Every structure is written in C-alpha cells, then in structure tokens.
Amino acid sequence: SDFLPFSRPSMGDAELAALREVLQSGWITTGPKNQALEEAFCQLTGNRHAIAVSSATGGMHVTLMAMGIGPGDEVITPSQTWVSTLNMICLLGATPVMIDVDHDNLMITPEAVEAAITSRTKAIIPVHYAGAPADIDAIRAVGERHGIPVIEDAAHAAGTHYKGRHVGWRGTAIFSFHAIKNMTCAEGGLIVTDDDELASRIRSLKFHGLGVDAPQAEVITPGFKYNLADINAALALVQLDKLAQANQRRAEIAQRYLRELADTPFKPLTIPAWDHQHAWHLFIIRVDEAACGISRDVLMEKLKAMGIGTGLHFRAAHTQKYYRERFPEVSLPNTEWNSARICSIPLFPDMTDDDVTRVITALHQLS
Amino acid sequence: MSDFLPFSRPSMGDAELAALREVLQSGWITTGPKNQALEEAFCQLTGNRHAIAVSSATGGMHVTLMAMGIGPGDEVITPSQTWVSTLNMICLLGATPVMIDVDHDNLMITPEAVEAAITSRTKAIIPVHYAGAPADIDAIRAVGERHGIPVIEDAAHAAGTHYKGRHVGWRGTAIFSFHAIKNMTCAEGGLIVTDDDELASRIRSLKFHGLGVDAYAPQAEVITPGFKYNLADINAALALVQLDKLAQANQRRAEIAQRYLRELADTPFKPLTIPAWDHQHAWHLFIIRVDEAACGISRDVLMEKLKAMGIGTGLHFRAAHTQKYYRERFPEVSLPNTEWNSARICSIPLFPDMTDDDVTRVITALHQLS
Ligand SMILES: *Cc1c(COP(=O)(O)O)cnc(C)c1O
Ligand SMILES: *Cc1c(COP(=O)(O)O)cnc(C)c1O
C-alpha cells in the first residue's frame, strides 16, 4: 500500500460512467463507441482514416499484412523497441533488418535507415520513443526517395507533436492503449493512415477478412480477429478527453526530474533538436556503473526494496534468445550500450509532489 | 427501435458494473488476478487441468493450432458448417483445411465423415459443438486416437454443455468464446482448456509474444515469435460474473427453447434434432430450417418479414466453402447437407433476458408467416 509503481492508470468515476452507458445500451462489442473513437483520432491527428484494434501489436500485424509484406521482404526496424514489431515481421515470414539508434534519444536516424535499405526493403518502422518524436520528415524523405513506405510505431506518442502537428498527421502510425500508455483501455490500439486502399484492407483483415465482393459480407481473403470492443473504446474515449491534462501533469513531473537529477550522475535521454511537444510517456535514465557507483540492475533492486518500482523499456530485441541465435551477426553498439543501462522511473499523472520527491530523494541516496 | 426484439442481448447489470468498479479501483486493469481466477474457475467447471484465457476464441484457435506445429503441408479436418475464423486460422498458418459435411439434422460432423477424410497429411480434427449441443465427441476422439491425430474442440457454443454427464472439455482440448452473443460474455474473449501440459506451456507463451524462460533462473525473453492474445482483467472480471450467472442463464434459455420446440411442432419450421447421446444442451442458439416448399416462405424472406415486425434473427452460419475466398480456392468442395442447411437456417431470438411475452411475440409471428 506504500509501494510506488512506475506506472498506474488514472481510472475514476468518468470511466465507470462510460462503462455504465455501454452496459446499459446492451451493445458491448464493436459499435458506436468504436466509430466515435476513430472520428476523435482523425480530429486529433488530422489524418483521414482511423482503425481501432485490440492492441497495437495486432495493429502492426494487420498493417504489415495489408501492405503485402511476406517471405523475401525486409523490414527496417530498431532492435531498441518492444519485441512485438520484430515478432510480427517474422510471423508474416518477412525478415527484420535491425539497425542502431541514436545513443542519447534511442531513435533511428535517417542515415542509419538509408544505409540499411536493400532491393528487398518493403517498410521502415521508426519508433517515437518515450513520448518524443523521431525526425520523421527526414526518415520519410529517405523512404520517398526509394519508394519505401514508413509505418510509425506511435505507442509512446499519444499527445506527441512534431513541428506543430500531432504525430500521425500524415502517413501511417499506430497507437497503443495498453495499461501503461498515456491513455488506456487496458488493451487496445488504433491505426491512422492517409492511404485509402491500405485503410480498406486493414479494416477487413482485423475482422476475419470480411468484405463485399451490394452482396452480403463474406470472406474475401482470410483475416484475423483484432477488433476493439465498445466497452474498451468507451474507456479510451474518456482517457482521450483526459489526455491533454494527463500529459501536462506528466510534463511537470518530467521537468522536475530533469532539473533535480541534473546534478546526479544519472543521465536522462536528450531532448531532440527538431521542434516537438513531448508526451512524456516514460522518464528514462541511463545508469553507468562507472559514473553512478551503482549498476542498472542493482539500482532497480534497491529502489524496489525502498518501495519504488521501475521498468525496463526495453531489453533490445537482438539480445533476446530467438533473435540472438537467428541474427548472431547483428552488432548495434548504441543499442547494446543503452539496453544494459536504462530503466524507467515512476512517471504517471496520479503521482503527487511527494511521490516525486520520494523518487528524487532515493536516486540522490543511491548515487 | 425501443420495441425491437434482437436475436440476442447480453444480461449486463449491477453485478457486472460492480466487478468493473473493483478492477478499476485496484488499478490493475490488464492481465492479472482476475485472469487467474477465471482460469481456475474453468478448471473447476470442466474438470480439466489447464485453462488459458485469451482475447477471443479466434485467437485461441490460432495459437492452439500454432502450438501444435500446424503449418504448410498439414491438413486440418473441419466442417464448412461453422464460423469462418477456424478456416481462416488454418489457412493463415499455411495449412490446408479439409472441409467435410455435417449431419443433416444437428449440423455436427460424424465420426464416419472424419475417418473418410483422413490422409497421411492430417494433423488435427476440429469438431464443432453446435448451438449448445455436444458433438459425439467420444466417437470422434476414438477416430483420432486410432490414427494418432489430435482432436481440438470448437466449444464456442458450449459453455454449460454436458456430454455423458461431464462438461464439454473435461478431457482433451476445447476452446470457449465469450463474445457478446455467447451464453457468458465479456464482450470479446475466449478460453482454452487442455489436458496436455506441453501444449498448455506453448500456448501460454504464444499468446503473449513468445516470451519464455530459456532452459539453463533467467528473465523472460522471446524464445520464438508469438502473438498478442492476452485477456485484460477488466474483461476477465466480467466473464467471472457471467460464469456465476451461467447456470441460471442456461436454465432460462432451456425454458425458452422448450417452449419453441413445443409451440413450433405444429408449424412447418424445423428445429435441429436433439442428439441421441446423453447430454445437457446449453441452448446458445435456437435454429430453424425454413424450406420454401414446406413453409410457404423462404429463409431470407422470413428474416426480412420478421425484421419488419420488429424481430431480429441471425444466420449461424453461411457455410464457409460458399464464401468467395473458399469457393474460388476450393471450388471442388461439394457438401450436400451443409449446402441444404446453410441456405435454409436462421436463429430466432434466444437470450435469458427475454420475457414470456417476447417469446410469445416470436411464436405468434412465426405462426403468422407460415
Ligand atoms: C508495447 C509497445 C508496442 C505494442 O503495443 P500493444 O498495445 O501492447 O500491442 C509497440 N511498440 C512499442 C514501442 C511498445 O512500447
Ligand atoms: C463465436 C464463434 C467462434 C469465434 O468466437 P470469438 O470469441 O468471437 O472469436 C468460433 N466458432 C464458433 C462456432 C462461433 O460461434
């Protein structure tokens, strides 16, 4: 009861009231609340199409499937990301081409993308990491020059702006509504795209391949089941209404960590030089034993003993058994250095000033 | 619309809302203790060893077949007379569905039809427990055993179904659905029961990113790529309430179904036949066959006229092999009992919040439209 986790959702009477309305309606799976959430994300991003899905992982699965990616194709991706993207690429039969990230913001650079392009490349998947945007214009420019789509992993970037627009204003991006995300419906995701044909395929492939060949709907080609229930969509709508205030509070907390950890050896990520608004999904520090007098793993342990949770976002995929053995030649020095040294300290909007003080005090004590 | 009688509606009330409140207050909203409790509850319900909650029965099928190693070059025997999810999952693993016909009066596959379709390439048999009645699973299983072929049961319709005095899935492997129209619901969700330890271990990893502990105790990592089909605790809590309600809900469904059986006996509409083997019917759907020669009206027109009278109906199911992808990929498939029924069935309103007057309304309209 005194434990301070690294994240907790902000669920209250508004969420319970939205659930009451869905239960009372009798329409609990995909329905009007899905449609409302999708319209809301078009209004948020300014992009044309929004497709709600059961998870961002499922969203990535069907987006890559709808693009036709399969055996013989390469997909450029960081290793420094969640394993879902790599797994989906593999489970479509395609080959992930893992590239290194910037050592201080953990995001892929246009130069590293261009160097990895081959005649087999069929997609590039940058990650907007921790709530900051990647330099998406420059990455998009590389893709355009070679005719390669860019699919943005925007799980961390609900409320992120880049050069004055919300992430995903154009192109294709995938958001997550998992429990630790800045807006949550326990599990859920949503794809935005400006590509009409892609949006039509995705919508079918997330609901059994059903489509019209006006004849009744039937399986046009096999698809998966990744639709989002209206129970969950209703929660997501409440949490999107809260997102601006939630991100404001996250930014206040993150600002205080940046300031009060500046005279500690723990090293936050660097803020990108391009114009942006950070959503502050995670507050990551690097723990370099030679600088801090403590290792990353030991810091996490001792914080836990003090009642303070931490997360590891992420253990680089290429270091994990399946990828380590399948892709033994992959050597990504910035990724490997950071992967061994990062952790996420508590950041969520229901944190009080005293919770933040407890974290800062503990880090000063352990340095 | 306020007077519309749909063919199904969930029974959501204060108990469900109080379960949701508890989960939200706890702050643990995705997979957690409610999942574990739901799984334990399904082991106690069925008597089987392992229970794995998933985000849908479709995802359950996907990961179950995947964990069995089903892939290119393997044949999977399945009815066409079922939901398209099973056929789609077979295909999307690269395997080949072998569609067989069903009994003309209960719409379930027979042991004879299974045996006739077995080849050296067959790697699974997927019977469907249809509308709330069980298939003759001992006989189907015996065919599987004789040839060394696993039987994976589609039990989406069979929460509360008994066979020979035990709940469906008491042994073997079976997959339940908690979709909105199923007898217990958490809007979307499912659950796998299995008696196979290794299969259960593989499934648990493949529905959550392939994560596992490597042999030779380290932290979790990707052992082999997996999917994301875990069930949130918000949903698991709803399912727990609906399972607590399932005995009473199924009793009410049986009362309605018995009344339909009796009061449609003097109409030309033809319910499914009740299997001869011993069972307890869950009464997920009340299906009628509408043959224009006998009834004076076609299935499609009956559904349209009922809708005009404020009465909803469903079509469970348009046989998979008649749908574009399968008709064009598998044009050679010819399944006379399936094709005859698929063109003639519909599901009339059956859900436990129906009142006696709702049931009278349906019976009266069917009598009018004969
Ligand atoms: C968790 C995560 C995903 C997958 O999201 P789900 O909603 O859990 O499927 C994808 N990308 C990143 C960066 C993530 O953190
Ligand atoms: C409900 C249904 C399914 C799939 O169920 P979901 O939980 O919606 O994925 C599979 N088989 C049958 C026979 C069904 O009725």
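Scope of the values below: all heavy atoms of this structure, side chains included, with no hydrogens, waters or symmetry mates. Chain letters run A, B, ... following the sequence lines, proteins first, then strands; residues in each count from 1.
- Within the 6.0 Å centre-distance limit, the rings of B:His162 and B:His167 are counted as a close aromatic pair.
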Check your understanding: What's the verdict on side chain to side chain contact (heavy atoms under 4.5 Å, CB included) for B:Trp277 and B:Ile137, showing C-alpha distance, side-chain angles and the deciding distance?
Key -> CA-CA 10 Å; B:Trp277 45 90; B:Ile137 185 49; over 6 Å; no

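- The neighbour count for B:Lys270 NZ, taken as heavy atoms of other residues, nucleotides or ligands under 6.0 Å away, does not exceed 12.
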Practice item. With side chain to side chain contact (heavy atoms under 4.5 Å, CB included) as the test, would you mind laying out the steps for B:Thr82 and B:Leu87 before giving the verdict? Key: CA-CA 9 Å; B:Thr82 183; B:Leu87 282 298; 4.0 Å; yes

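- Heavy-atom contacts from other residues, nucleotides or ligands closer than 6.0 Å to CD of A:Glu39 number more than 12.
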Review point. Where do B:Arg259 and B:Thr360 land on the side chain to side chain donor-acceptor pair (under 3.5 Å) test, with the steps shown first?
Key: CA-CA 9 Å; B:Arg259 195 172 163 211; B:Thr360 300; 2.7 Å; yes

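- For the pair B:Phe286/B:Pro271, a side-chain contact is recorded, criterion being any heavy-atom separation below 4.5 Å from C-beta on.
- Annotation: A:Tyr226 is not in aromatic contact with B:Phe227 [ring centroid separation under 6.0 Å not met].
- In B:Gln248, the CD atom is not crowded: 12 or fewer heavy atoms of neighbouring residues, nucleotides or ligands sit closer than 6.0 Å.
- Neither side chain, B:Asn341 nor B:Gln81, offers a donor N or O lying under 3.5 Å from an acceptor on the other.
- Heavy-atom neighbours of B:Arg21 CZ from other residues, nucleotides or ligands within 6.0 Å: at or below the threshold of 12.
- The minimum heavy-atom distance linking B:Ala117 with B:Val98 is given by the pair CB-CG1, 4.2 Å.
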Check your understanding: Taking it one step at a time, do A:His49 and A:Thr193 satisfy side chain to side chain contact (heavy atoms under 4.5 Å, CB included)?
Key -> CA-CA 5 Å; A:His49 303 289; A:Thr193 188; 3.9 Å; yes

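- Using cut-offs of 30° and 60° on the angle between ring planes, the pair B:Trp83 and A:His208 is perpendicular.
- Within a 6.0 Å radius of CG in A:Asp13, other residues, nucleotides and ligands contribute 12 heavy atoms or fewer.
- Taking a 6.0 Å sphere around NZ of B:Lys164, one finds it holds more than 12 heavy atoms contributed by other residues, nucleotides or ligands.
- No donor-acceptor pair closer than 3.5 Å links the side chain of B:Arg253 to the backbone N or O of B:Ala257.
- Ring centroids of B:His316 and B:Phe7 are separated by less than 6.0 Å, placing the two rings close together.
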Check your understanding: Which is it for B:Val333 and B:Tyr326 under the side chain to side chain contact (heavy atoms under 4.5 Å, CB included) test, yes or no, and what are the steps along the way?
Key -> CA-CA 9 Å; B:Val333 176; B:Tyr326 294 101; over 6 Å; no

